[PDB]
Amino acid sequence: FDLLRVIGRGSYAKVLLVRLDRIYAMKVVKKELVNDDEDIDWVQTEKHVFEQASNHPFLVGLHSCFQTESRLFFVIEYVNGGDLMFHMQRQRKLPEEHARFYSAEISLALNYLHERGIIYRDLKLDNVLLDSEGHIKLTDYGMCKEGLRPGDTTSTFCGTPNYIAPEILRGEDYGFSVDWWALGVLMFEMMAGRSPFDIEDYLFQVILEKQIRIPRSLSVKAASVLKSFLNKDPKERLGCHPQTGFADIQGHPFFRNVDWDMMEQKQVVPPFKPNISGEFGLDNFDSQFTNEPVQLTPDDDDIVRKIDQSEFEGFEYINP
Ligand SMILES: Nc1ncc(-c2cccc(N3CCNCC3)c2)cc1C(=O)Nc1ccncc1
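According to the authors' numbering, the sequence shown holds residues 254 to 273, 277 to 455, 467 to 587 in order.
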């Protein structure tokens, strides 16, 4: 198609802005990475999430997918509002009311996956996304793990060093408890204005053996959700309860004010509508300088003859 700009450029994939007559966002994964022994799982996994997550309001939905021999292309809806990381620098710290809006919606998003069996595990201020209306969307279903949820604890050992679950660092079996810990780090940063880790391999040690300091300015309800969400024990941690895990989150005093049936229909009013910039909304969003020009890398024949398109079959075909 016609490719307007490069949005993000991770090692596994490249995110670039496109049009065809609506603006869309495209994540392109080279096929050599995913086509191997027990590697096909990441492309397949993300598709399943995207299929299950596209109906949900908060998790981002996927228009189309196409296949070329050299790469696999994902077309995802363009969100205009902005990422939280830019918001956090525009406003060092956010009120507790703003955090309740965002964090409440995020907990709904994670529960949907938890019910479905998927662990986001890439929860970050950047991975959340804001629409022009002020709601939240979660972006990169890439590190997710799906297909095993009730009575299943599995160790895939993925996380981000700052948002990493303490139980995971230990080498222990990880449930959906990691995702809730990531929430508390998110909530922490927005309300306090700083990472809870006073911010290489030193972080893993701090998280496991250093105390978390709640700002004195923080409301007592806020301290408790942080303490319970950022709790080191997966069994003690809030919302990792096997039976009654969402109600206690939902009935926590910090999130008493919300109406979650009402908020899920986007009925509740966002605290601050994001700034309306050019139809693209490129101004509000961060601008990363890895590759300013969008030129897809020229293919090498020797790889291309090795890739099996049997594995990459049934792409271009998306279920619900
Ligand atoms: N759907 C989207 N709509 C808009 C944006 C967007 C728009 C402008 C700038 C940015 N930035 C990302 C953060 N770094 C600075 C550039 C993202 C991203 C996405 C999106 O899905 N992204 C994404 C990123 C990584 N894996 C899957 C999906």
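Beta carbons are placed, not taken as given, at the ideal position from N, Cα and C, and that holds for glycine.
Just to confirm, does residue i get its C-beta within under 7 Å of one of the non-hydrogen atoms of ligand 1?
i           : result
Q555        : yes
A281        : yes
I374        : no
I585        : no
residue 275 : A gap in the chain, from 273 straight to 277, means residue 275 has no coordinates in the model shown.
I260        : yes
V305        : no
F552        : yes
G398        : yes
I543        : no
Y419        : no
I332        : yes
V492        : no
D387        : no
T416        : no
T301        : no
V384        : no
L549        : yes
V561        : no
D339        : yes
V525        : no
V335        : yes
Helix, strand or coil for residue i, going by three-state DSSP, please let me know.
i    : result
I474 : helix
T324 : coil
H319 : strand
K380 : coil
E423 : helix
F306 : helix
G440 : helix
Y469 : helix
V535 : coil
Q345 : helix
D297 : helix
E503 : coil
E559 : coil
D528 : helix
Have a look at the DSSP bridge pairing and note the partners of residue i.
i    : result
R258 : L270
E333 : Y280
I392 : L386
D339 : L385
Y430 : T410
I375 : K401
Quick one: give me the first and last residue of the alpha helix (DSSP H) that residue i is part of.
i    : result
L386 : From DSSP, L386 is part of no alpha helix (DSSP H) but of the beta strand (DSSP E) over 384–386.
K287 : 287–290
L366 : 352–372
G518 : 512–518
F582 : Premise fails: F582 is in no alpha helix (DSSP H) and is neither H nor E.
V492 : 487–496
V571 : 568–573
Could you check whether the segment 357–367 touches the segment 433–442, counting it as contact only if at least three pairs of C-beta atoms, one from each stretch, sit closer than 8 Å? The segment 357–367 makes contact with the segment 433–442; the number of CB pairs closer than 8 Å reaches 3 or more.
Is the segment 326–339 touching the segment 546–561, taking contact as three or more C-beta pairs under 8 Å? Output reads yes: the segment 546–561 touches the segment 326–339.
For the segment 349–360 against the segment 287–305, do three or more pairs of beta-carbon atoms, one drawn from each stretch, fall closer than 8 Å, so that the two count as touching? Contact check between the segment 349–360 and the segment 287–305: fewer than three CB pairs, one atom from each, fall below 8 Å, which does not count as touching.
Within 8 Å, do at least three Cβ pairs link the segment 398–409 to the segment 474–483? No, the segment 474–483 does not touch the segment 398–409.
Count the CB pairs spanning the segment 497–511 and the segment 421–441 that are closer than 8 Å, and state whether there are at least three. Result yes; three or more Cβ-Cβ pairs closer than 8 Å.
If you pair each beta-carbon of the segment 562–578 with each one of the segment 383–400, do three or more pairs fall below 8 Å? No, because fewer than three Cβ pairs between the segment 562–578 and the segment 383–400 fall closer than 8 Å, the two stretches do not touch.
Could you check whether the segment 425–439 touches the segment 504–523, counting it as contact only if at least three pairs of C-beta atoms, one from each stretch, sit closer than 8 Å? Touching, yes.
Okay, do the segment 284–295 and the segment 314–322 touch, 3+ Cβ pairs below 8 Å being the bar? Inter-segment contact for the segment 284–295 and the segment 314–322 is absent: fewer than three beta-carbon pairs are separated by less than 8 Å.
Any contact between the segment 366–375 and the segment 316–333? By contact I mean 3 or more CB pairs, one from each, below 8 Å. With a cut-off of 8 Å, the segment 316–333 and the segment 366–375 do not count as touching, because too few Cβ pairs lie within range.
Do the segment 528–545 and the segment 369–385 make contact, defined as three or more Cβ pairs closer than 8 Å? Contact fails: fewer than three Cβ-Cβ distances are below 8 Å.
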